[PDB]
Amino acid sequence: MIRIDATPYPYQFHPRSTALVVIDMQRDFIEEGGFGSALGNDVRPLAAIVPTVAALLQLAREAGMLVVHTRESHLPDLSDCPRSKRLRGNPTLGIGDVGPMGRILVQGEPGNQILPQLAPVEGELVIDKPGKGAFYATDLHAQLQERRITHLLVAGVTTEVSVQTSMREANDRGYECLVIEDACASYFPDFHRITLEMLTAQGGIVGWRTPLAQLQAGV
């Protein structure tokens, strides 16, 4: 077992029953002119974590852990895009509309792709999800149970939306989750750090958090 100094108390895992889950590291969130921009955000904060996420991905690959990537995305015919989601916020350019990187939040479009610095490789799971939570309308739980995974390392964007939603879903399903604090980011400084504090409050109610350097020290 590997023991990591973590908040609120040490986190122990075995690499062979652990998966790294990298959430939504897509141009649609990190680059100007995609879905994140369409919602009225300044997307600039997210790019800062890309080298840290790359270092985490290399750590997981070198340890022989399962790597899972998620993409928030819709079928090109939008048959998995609820009308509520399409209308929310009355956006000028919405899901499926053509922006500078193609149709916003649609599978197969350039703007929907994972950044090349963090791209999946053969042997990794890639989950397209129509909501913020990685477990809703996906086979992620079944895929992790088939591989006897018990522990999840969690990274990606945004901290208070897809990352926290996915970690809360995983906690309910019995996974032991460690969020890598400097491998996550938000459009809002108002939301990033306090989301991490909520997740680990009350003796770890949703799970654990630590910086990448503490994980690197364990492996």
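Numbering starts at 1 and follows the sequence shown.
Enquirer: Of the two stretches 31 to 39 and 180 to 188, which shows the higher Cα B-factor on average in the entry?
Expert: Between 180 to 188 and 31 to 39, it is 31 to 39 that shows the higher mean C-alpha B-factor.
Enquirer: Which has higher Cα B-factors on average according to the PDB entry: 40 to 48 or 148 to 156?
Expert: Per the deposited B-factors, the answer is 40 to 48.
Enquirer: Checking the entry, which one of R103, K129, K85, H141 has the top C-alpha B factor?
Expert: Among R103, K129, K85, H141, the highest C-alpha B-factor in the entry belongs to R103.
Enquirer: Can you tell me whether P116 has a C-alpha B-factor in the lowest, middle or highest third compared with the other modelled residues of the same chain?
Expert: Answer is middle: the recorded C-alpha B-factor places it there.
Enquirer: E109: which third of its chain by C-alpha temperature factor?
Expert: Answer is highest: the recorded C-alpha B-factor places it there.
Enquirer: Lowest, middle or highest third: where is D80 by C-alpha B factor in its chain?
Expert: Highest third.
Enquirer: Which third of the chain does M65 land in by C-alpha B-factor: lowest, middle or highest?
Expert: Highest third of the chain for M65's C-alpha B-factor.
Enquirer: Ranking the modelled residues of this chain by C-alpha B-factor as given in the entry, is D97 in the lowest, middle or highest third?
Expert: Highest third.
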